[PDB]
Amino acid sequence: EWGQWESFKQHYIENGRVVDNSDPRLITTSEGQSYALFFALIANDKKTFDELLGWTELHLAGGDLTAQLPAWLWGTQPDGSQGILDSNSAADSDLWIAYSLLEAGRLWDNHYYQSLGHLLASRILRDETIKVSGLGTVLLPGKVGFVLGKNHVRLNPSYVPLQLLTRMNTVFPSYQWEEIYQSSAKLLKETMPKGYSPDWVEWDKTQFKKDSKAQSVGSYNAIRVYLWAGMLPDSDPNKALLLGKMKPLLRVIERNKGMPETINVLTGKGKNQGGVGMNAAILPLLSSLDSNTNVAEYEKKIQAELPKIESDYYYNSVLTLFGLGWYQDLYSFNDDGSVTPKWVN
């Protein structure tokens, strides 16, 4: 029913795990699992959803997702065995997994999925959030390694889709999730002086500062900011504020026909060509604002490039699933952060 999803399963999923073969360790990430769970839900694919969930729990979460956040990285170890390569969590993926479970629970009337999504979400609060001066409670990028000093944290704009955060608060209200929505909105709006979001940025007590490691680069992480924002319902007051800053991006598309591999968020100047994944990632945004780009023809170009990412290009494939899937009306987000797949109505 969703051709691109059927292709993705064939070429990227092996017995419940999403494989990124660009790493010679033939890795699976909690990110890959999280996106595949979401896509399986959008596709009304209960069987694959179950397979993905089971693999995630067994291999990344010690057989119990109610007991711990999943490890983010799994694959071939130096001795040839397969196992966890990094036991740290990745909060963006934790959030996508919790969201997909909550939404699958609602859409499929599956009380287990509802409960599991809830218990995972509660653990995200426990294990990878912290309250800092001025910004309040933030979602940290992982359970360890992102607290850099007193009231000083390293954050990642792409990790916090406002629609997912809205959803955390709408059936079981939570002062913590409300605070995280607010700090995330502030993070997004205040670190894009030219309408471009960095991959990483620090909050140091009283202000945002250039990330000491990643500097001012916006690249593969950050391209998702435009993706999530372009798919917000206009009920979210932050959508208009974020999109109001993105005229430079639209001009980049007019002139260069796509976003660059890396962009300097302070100057708006970019390096290299970004690729079909990044082009799909900006498609919802492109469809939502005025520019000289013919959107229909832009989408046709993306479609023409799909055979080239049939295999061996995990990340471009998930970006195209998100962006083309949305453009082709396969799913939309609602005012309460929930998602309505095409198959519902």
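Start at 1 with the first residue shown and count on from there.
Visitor: Would you determine, from the values in the PDB entry, which of 48 to 56 and 296 to 304 has the greater average C-alpha temperature factor?
Guide: According to the PDB entry, the answer is 296 to 304.
Visitor: Could you check the entry and say whether 311 to 319 or 287 to 295 has the higher mean CA B-factor?
Guide: The deposited B-factors put 287 to 295 ahead on the C-alpha mean.
Visitor: For the listed 145, 80, 117, 230, which has the peak Cα B-factor recorded in the PDB entry?
Guide: Of the candidates given, the C-alpha B-factor peaks at 80.
Visitor: Go through 105, 149, 218, 275 one by one and give the residue whose Cα B-factor in the PDB entry is largest.
Guide: Answer, based on the entry's C-alpha B-factors: 275.
Visitor: Among the modelled residues of this chain, does the Cα B factor of residue 169 put it in the lowest, middle or highest third?
Guide: For residue 169, the deposited C-alpha B-factor lands in the highest third.
Visitor: Looking at the C-alpha B-factor of residue 140, is it in the lowest, middle or highest third of its chain?
Guide: Its C-alpha B-factor belongs to the lowest third of this chain's values.
Visitor: Sorting the chain's modelled residues by C-alpha B-factor, tell me whether residue 37 ends up in the lowest, middle or highest third.
Guide: Tercile = lowest for this residue's CA B-factor.
Visitor: Sort the modelled residues of this chain by their C-alpha B factor and say whether residue 257 lands in the lowest, middle or highest third.
Guide: Residue 257: CA B-factor falls in the highest third of its chain.
Visitor: If you rank the chain by CA B-factor, which third does residue 177 end up in: lowest, middle or highest?
Guide: Answer is middle: the recorded C-alpha B-factor places it there.
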